[PDB]
Every structure is written in structure tokens, then in C-alpha cells.
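> This is the content of final03.cif (mmCIF, C-alpha atoms and all ligand atoms):
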```
data_structure
loop_
_atom_site.label_atom_id
_atom_site.label_comp_id
_atom_site.auth_asym_id
_atom_site.auth_seq_id
_atom_site.Cartn_x
_atom_site.Cartn_y
_atom_site.Cartn_z
CA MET A 1 56.55 77.60 18.97
CA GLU A 2 54.34 74.50 18.87
CA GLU A 3 55.23 74.70 15.16
CA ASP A 4 58.93 74.87 16.00
CA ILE A 5 58.68 71.92 18.37
CA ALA A 6 56.83 69.93 15.73
CA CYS A 7 59.57 70.83 13.25
CA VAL A 8 62.53 69.62 15.28
CA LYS A 9 60.66 66.45 16.22
CA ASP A 10 59.87 65.83 12.55
CA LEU A 11 63.54 66.32 11.66
CA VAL A 12 64.80 63.95 14.33
CA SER A 13 62.06 61.33 13.92
CA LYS A 14 63.24 60.73 10.35
CA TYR A 15 66.76 59.86 11.50
CA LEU A 16 67.01 56.12 10.93
CA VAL A 17 69.34 54.10 13.20
CA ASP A 18 70.75 50.58 13.57
CA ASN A 19 71.36 50.29 17.30
CA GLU A 20 69.46 50.45 20.58
CA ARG A 21 71.65 53.33 21.95
CA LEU A 22 70.82 55.89 19.22
CA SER A 23 67.26 54.61 19.08
CA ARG A 24 66.96 55.23 22.84
CA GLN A 25 68.39 58.73 22.57
CA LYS A 26 65.85 59.60 19.87
CA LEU A 27 63.08 58.47 22.23
CA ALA A 28 64.54 60.58 25.02
CA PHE A 29 64.39 63.64 22.73
CA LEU A 30 61.03 62.99 21.08
CA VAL A 31 59.04 62.75 24.30
CA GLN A 32 60.28 66.11 25.71
CA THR A 33 57.91 69.09 25.85
CA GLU A 34 60.04 71.66 27.73
CA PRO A 35 62.59 73.71 25.74
CA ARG A 36 65.55 73.12 28.08
CA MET A 37 64.91 69.39 27.96
CA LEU A 38 64.42 69.31 24.20
CA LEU A 39 67.68 71.27 23.86
CA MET A 40 69.62 69.05 26.23
CA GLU A 41 68.43 65.76 24.70
CA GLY A 42 68.84 67.11 21.16
CA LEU A 43 72.40 68.23 21.76
CA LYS A 44 73.09 64.86 23.45
CA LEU A 45 71.82 63.11 20.33
CA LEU A 46 74.23 65.11 18.13
CA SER A 47 77.08 64.29 20.48
CA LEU A 48 76.30 60.55 20.20
CA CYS A 49 76.21 60.97 16.41
CA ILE A 50 79.80 62.23 16.55
CA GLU A 51 80.84 59.23 18.68
CA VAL A 52 79.21 56.76 16.31
CA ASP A 53 80.80 58.47 13.30
CA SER A 54 84.21 58.39 14.96
CA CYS A 55 83.86 54.74 15.84
CA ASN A 56 82.78 53.87 12.29
CA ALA A 57 85.59 55.92 10.73
CA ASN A 58 88.24 54.31 12.96
CA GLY A 59 86.97 50.73 12.93
CA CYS A 60 86.01 50.73 16.62
CA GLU A 61 83.00 49.38 18.52
CA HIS A 62 80.99 52.16 20.09
CA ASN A 63 81.13 51.98 23.89
CA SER A 64 77.41 52.44 24.30
CA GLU A 65 77.28 50.70 27.67
CA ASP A 66 79.96 52.93 29.27
CA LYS A 67 82.30 50.02 29.94
CA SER A 68 85.58 50.68 31.72
CA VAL A 69 88.79 49.35 30.24
CA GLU A 70 88.73 46.45 32.74
CA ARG A 71 85.28 45.47 31.51
CA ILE A 72 86.20 45.87 27.84
CA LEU A 73 89.15 43.50 28.31
CA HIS A 74 87.20 41.05 30.46
CA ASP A 75 84.40 40.82 27.89
CA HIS A 76 87.06 39.85 25.37
CA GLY A 77 88.49 37.14 27.68
CA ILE A 78 91.44 39.03 29.13
CA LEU A 79 92.41 39.61 32.80
CA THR A 80 93.77 43.04 33.80
CA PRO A 81 95.90 44.49 36.58
CA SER A 82 94.83 47.55 38.53
CA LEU A 83 94.08 50.32 36.08
CA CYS A 84 93.16 53.95 36.24
CA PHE A 85 89.40 54.23 35.71
CA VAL A 86 88.78 55.01 32.03
CA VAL A 87 85.54 54.81 30.01
CA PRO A 88 86.44 55.46 26.35
CA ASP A 89 84.13 56.32 23.51
CA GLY A 90 85.14 53.30 21.39
CA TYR A 91 87.42 50.29 21.43
CA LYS A 92 88.78 47.40 19.41
CA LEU A 93 90.84 44.40 20.47
CA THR A 94 92.70 42.67 17.67
CA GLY A 95 94.99 39.95 19.00
CA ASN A 96 97.07 41.72 21.63
CA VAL A 97 96.51 45.20 20.25
CA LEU A 98 93.90 47.30 22.03
CA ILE A 99 92.63 50.47 20.41
CA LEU A 100 90.88 52.90 22.72
CA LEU A 101 89.17 55.88 21.15
CA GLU A 102 88.12 59.21 22.60
CA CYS A 103 86.45 61.91 20.58
CA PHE A 104 85.71 65.51 21.34
CA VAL A 105 84.77 68.82 19.74
CA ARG A 106 86.63 72.09 20.36
CA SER A 107 86.11 75.01 17.97
CA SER A 108 89.07 77.13 19.22
CA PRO A 109 92.68 75.99 18.50
CA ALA A 110 94.02 76.69 22.02
CA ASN A 111 91.17 74.74 23.60
CA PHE A 112 91.52 71.98 21.02
CA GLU A 113 95.20 71.64 21.89
CA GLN A 114 94.54 71.48 25.63
CA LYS A 115 91.66 68.98 25.33
CA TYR A 116 93.73 66.83 22.94
CA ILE A 117 96.53 66.59 25.54
CA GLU A 118 94.04 65.88 28.34
CA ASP A 119 92.34 63.03 26.49
CA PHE A 120 95.67 61.63 25.29
CA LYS A 121 97.07 61.61 28.84
CA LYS A 122 93.88 59.90 30.14
CA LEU A 123 94.52 56.96 27.80
CA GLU A 124 98.35 56.98 27.93
CA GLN A 125 98.24 56.46 31.68
CA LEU A 126 96.98 52.90 30.91
CA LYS A 127 99.87 51.91 28.64
CA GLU A 128 102.42 50.50 31.10
CA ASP A 129 99.85 48.55 33.12
CA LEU A 130 98.39 47.09 29.92
CA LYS A 131 101.89 46.16 28.73
CA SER A 132 102.33 44.10 31.92
CA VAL A 133 99.64 41.71 30.60
CA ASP A 134 101.02 41.76 27.05
CA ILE A 135 98.44 44.20 25.69
CA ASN A 136 99.72 46.94 23.36
CA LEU A 137 97.59 50.07 23.59
CA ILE A 138 96.95 52.39 20.66
CA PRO A 139 95.30 55.57 21.96
CA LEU A 140 93.21 57.22 19.26
CA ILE A 141 92.17 60.79 19.92
CA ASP A 142 89.61 62.08 17.40
CA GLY A 143 89.44 65.81 17.92
CA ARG A 144 86.90 67.71 15.80
CA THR A 145 86.25 71.43 15.34
CA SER A 146 82.51 71.06 14.71
CA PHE A 147 79.43 68.92 15.35
CA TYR A 148 78.96 68.12 11.65
CA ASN A 149 78.64 64.40 11.14
CA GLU A 150 77.71 61.66 8.67
CA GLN A 151 74.56 60.62 10.59
CA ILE A 152 72.34 63.53 9.69
CA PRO A 153 72.80 66.06 6.93
CA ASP A 154 74.50 69.31 7.84
CA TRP A 155 71.40 71.37 7.00
CA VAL A 156 69.33 69.24 9.40
CA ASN A 157 72.08 69.60 11.99
CA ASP A 158 71.99 73.42 11.69
CA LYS A 159 68.20 73.63 11.52
CA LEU A 160 67.83 71.40 14.58
CA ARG A 161 70.38 73.38 16.55
CA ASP A 162 69.11 76.83 15.47
CA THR A 163 65.52 75.91 16.29
CA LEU A 164 66.32 74.30 19.64
CA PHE A 165 68.28 77.33 20.81
CA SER A 166 65.53 79.67 19.61
CA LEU A 167 63.04 77.79 21.84
CA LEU A 168 64.91 78.81 25.01
CA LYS A 169 63.93 82.39 24.24
CA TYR A 170 60.25 82.39 23.28
MG MG B 201 82.78 59.15 26.30
MG MG B 202 84.27 61.91 24.12
#
```
Take the structure in the file and give it back as C-alpha cells.
Ligand SMILES: [Mg+2]
Ligand SMILES: [Mg+2]

Amino acid sequence: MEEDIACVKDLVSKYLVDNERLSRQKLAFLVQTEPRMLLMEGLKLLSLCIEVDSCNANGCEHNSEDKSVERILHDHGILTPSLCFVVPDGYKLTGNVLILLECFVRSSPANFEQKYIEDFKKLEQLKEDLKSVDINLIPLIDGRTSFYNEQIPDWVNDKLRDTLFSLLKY
């Protein structure tokens, strides 16, 4: 067990990052001593890895500060009307074109389909209001079927997950 905890911490500690958000999430994981907390913070780390991958792949800034769409636009210099409250995973403003990105994982096709529609509708509900201030929205929905990512190798991903779940048991 102490050996297993040392293993997953060794695996994660070697994951090199370039931003305060992923750095902070590593710290959150590496200080935990209780299995449920190690599991929760480890799984949260993998989820952030997926967001960062999705942002990189789609040319978006990662929304690491949980900005709403109003804040995203304001930070760029743009005033908004009243909007539904939406905190996307990534964004990019190029001229008057705003990309908003949401990513998720669903391993079952029916669930994938439903979640895809839910996330699409969450962003689409912004379109008309954004158009009223001459912003054209492109909603990007990056649905995945797994937690495999380009941030850590798949074998590390599996080993980390397998070992964290095994710690809940003793
Ligand atoms: Mg999010
Ligand atoms: Mg998401």
C-alpha cells in the first residue's frame, strides 16, 4: 500500500507542465495521504489533461480560471448583453469570431449522444445574444470515448488509474 502510494506519486511527479493550473493540480494530488482523496485528485488531474489536450488540438486557450462568457469577452475588450451563464473549457476570439469549446468523455454511444446534445445546446443558447453585438459563435464540442491523452503516456494513465482504484479496497 505505502508502496502503491509511492508508485502513483512517482508517476505523477514526473509529469512536467507549463502552466500554473496543471502544476497546482499536481500539488493537490501529491500531498494527499487518504485513498479517496488521492483517487479524487488523481482523476481530476486526468480530466484537466483532457481539457488541455482539447484546447491545444483546437487552438483554444484553456479556461483555467473558470471565466464566464461575459468575462471572456470583457477581457478581450468586448461588451456583452445579458447571457445565459456559461463557463466553457476553452475559448478563442479572432476578430469577431468567438470559439467556445466544451469537452467531455462518455464511453457508451447512447450517453455520448445525449451529452453531446446537452453541451451543444448549452453553447448554442448564446448564439443569438452574441450576434446582437456582432460576435459570431462557433461552438466546438469535443466528445471523447476515453481518458487517453497526449499529456501522459497511456501506460502511465492506466497504471495510475488501476493503482488508485485498488487503494480504495486495501
Ligand atoms: Mg469545464
Ligand atoms: Mg468539460
> With all atoms listed in the file counted, collect every polymer residue having an atom within 8 Å of ligand MG 202 (chain B); state the result as a list in words.
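Protein and nucleic-acid residues within 8 Å of ligand MG 202 (chain B): residues 51, 88, 89, 102, 103 and 104 of chain A.
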> Just checking: using all atoms listed in the file, which residue out of A:110, A:168, A:152, A:99 ends up closest to residue 55 in chain A?
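Of all the options, A:99 lies closest to residue 55 in chain A.
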> Tell me, as a PyMOL selection string, which residues lie within 10 Å of residue 166 in chain A, counting only C-alpha atoms; anything in the same chain fewer than 5 positions away does not count.
chain A and resi 1+4+35+39+160-161
> At a cut-off of 12 Å, using all atoms listed in the file, what residues contact residue 12 in chain A? Leave out same-chain residues fewer than 3 positions from it and give the result as a ChimeraX atom specification.
/A:5-9,15-17,22-23,25-31,38,41-43,45-46,49,151-153,156-157,159-161,164
> Within 12 Å of residue 115 in chain A, counting all atoms listed in the file, which residues show up once you throw out same-chain ones fewer than 5 positions away? Write them as a ChimeraX atom specification, please.
/A:102-110,120-122,141-145
> Considering all atoms listed in the file, can you say which of A:37, A:97, A:87, A:69 comes closest to ligand MG 201 (chain B)?
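Counting all atoms listed in the file, the residue closest to ligand MG 201 (chain B) is A:87.
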> Compare A:82, A:96, A:47, A:58 by their minimum atom-to-atom distance to ligand MG 201 (chain B), counting only C-alpha atoms and all ligand atoms, and give me the closest one.
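The closest residue to ligand MG 201 (chain B) is A:47.
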> Work out how far apart CA of residue 150 in chain A and CA of residue 50 in chain A are and give it in Å to one decimal.
8.2 Å
> Pick from A:138, A:40, A:83, A:167: nearest to residue 70 in chain A, with only C-alpha atoms counted?
A:83
> Nearest to ligand MG 201 (chain B): which of A:32, A:13, A:114, A:54 is it, counting all atoms listed in the file?
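Ranking A:32, A:13, A:114, A:54 by distance to ligand MG 201 (chain B), first place goes to A:54.
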> If you count all atoms listed in the file, which residues fall within 12 Å of residue 95 in chain A, apart from same-chain ones fewer than 3 positions away, as a CSV table (one decimal) with C-alpha atoms, keeping the file's coordinate frame?

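As a result, out_38.csv now contains:
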```csv
chain,number,residue,atom,x,y,z
A,73,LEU,CA,89.2,43.5,28.3
A,76,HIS,CA,87.1,39.8,25.4
A,77,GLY,CA,88.5,37.1,27.7
A,78,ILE,CA,91.4,39.0,29.1
A,92,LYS,CA,88.8,47.4,19.4
A,98,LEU,CA,93.9,47.3,22.0
A,99,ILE,CA,92.6,50.5,20.4
A,134,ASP,CA,101.0,41.8,27.0
A,135,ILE,CA,98.4,44.2,25.7
A,136,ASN,CA,99.7,46.9,23.4
A,137,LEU,CA,97.6,50.1,23.6
```
> Point out the residue among A:113, A:59, A:19, A:67 with the least atom-to-atom distance to ligand MG 201 (chain B), counting all atoms listed in the file.
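The answer is A:67, which sits nearest to ligand MG 201 (chain B).
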> To one decimal place in Å, what is the distance between CA of residue 100 in chain A and CA of residue 139 in chain A?
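Computed distance, CA of residue 100 in chain A to CA of residue 139 in chain A, equals 5.2 Å.
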> As an exercise, work out the distance from CA of residue 93 in chain A to CA of residue 133 in chain A in Å and give it to one decimal place.
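These atoms are spaced 13.7 Å apart.
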> Once 6 Å is added on each side, what are the centre and the three edge lengths, in Å to one decimal, of the axis-aligned box enclosing the listed atoms of range 98-116 of chain A? Present them as lines of an AutoDock Vina configuration file.

```
center_x = 90.0
center_y = 62.2
center_z = 21.8
size_x = 22.4
size_y = 41.8
size_z = 19.7
```
